[PDB]
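*Asks:* First to last, the protein sequences are chains A and B.
Under the entry's author numbering, the first residue of the first sequence carries the number 435, and numbering increases by one thereafter.
Under the entry's author numbering, the first residue of the second sequence carries the number 434, and numbering increases by one thereafter.
Dropping a structure here in structure tokens format, bear with me for questions.
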Amino acid sequence: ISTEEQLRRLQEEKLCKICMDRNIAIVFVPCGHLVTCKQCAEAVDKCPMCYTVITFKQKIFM
Amino acid sequence: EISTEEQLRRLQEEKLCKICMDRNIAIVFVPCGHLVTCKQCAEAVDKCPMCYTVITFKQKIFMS
Ligand code: NI
Ligand SMILES: [Zn+2]
Ligand SMILES: [Zn+2]
Ligand SMILES: [Zn+2]
Ligand SMILES: [Zn+2]
Numbered sequence: 435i436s437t438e439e440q441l442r443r444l445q446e447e448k449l450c451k452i453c454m455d456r457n458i459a460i461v462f463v464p465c466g467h468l469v470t471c472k473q474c475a476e477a478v479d480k481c482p483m484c485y486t487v488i489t490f491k492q493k494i495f496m
Numbered sequence: 434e435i436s437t438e439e440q441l442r443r444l445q446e447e448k449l450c451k452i453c454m455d456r457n458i459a460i461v462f463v464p465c466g467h468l469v470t471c472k473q474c475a476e477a478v479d480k481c482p483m484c485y486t487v488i489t490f491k492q493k494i495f496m497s
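Written out as structure tokens, the structure is:
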């Protein structure tokens, strides 16, 4: 409910779901999930969230 | 950015389509990688409205 806690929550959402250090920076084609930072995207050939095979790793910019 | 409040506001707003600001980004542009528009707003553009790079694909993304 508090501002700080809402904030902590959104920050935590932005984090790579594999290393949880760096922010997400890659979108998986073709499933379209935002899952990993750039480094961690080197370790995966299938989306961790939906297991779709990744045909391409697009770099993103907000 | 200068207070927890503005930090919150920014993280909340950056989810929003940058054109209409009425709904979440739902498209990433290939090849530039800009996250700019909801599905509706991406319909009209053939170049990214941020960097003007020709768009070869509008990839749907899941952002909540
Ligand atoms: Ni509005
Ligand atoms: Zn990572
Ligand atoms: Zn996926
Ligand atoms: Zn829009
Ligand atoms: Zn662009």
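Virtual Cβ for every residue (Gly too), placed ideally from N, Cα, C.
1. Run through the DSSP bridge pairs and tell me what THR470 of chain B is partnered with.
2. In chain B, what lies closer than 8 angstroms to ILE494 of chain A by C-beta?
3. I'd like to check one pair, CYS450 of chain B with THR437 of chain B: are the Cβ atoms closer than 8 angstroms?
4. Report yes or no: is there a C-beta of chain A within less than 8 angstroms of the C-beta of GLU434 of chain B?
5. Can you list every residue whose CB sits closer than 6 angstroms to some heavy atom of ligand 2, going in chain order?
6. Given that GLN445 of chain B touches chain A, what residues does it touch there, using C-beta distances under 9 angstroms?
7. Specify which residues have a beta carbon nearer than 6 angstroms to any heavy atom of ligand 5, listing them in chain order.
*Replies:* The relevant details are as follows:
1. B:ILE460
2. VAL461, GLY466, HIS467 and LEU468
3. no
4. no
5. A:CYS450, A:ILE452, A:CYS453, A:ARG456, A:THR470, A:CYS471, A:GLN473 and A:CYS474
6. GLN440 and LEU444
7. B:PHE462, B:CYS465, B:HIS467, B:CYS481, B:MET483, B:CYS484 and B:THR486
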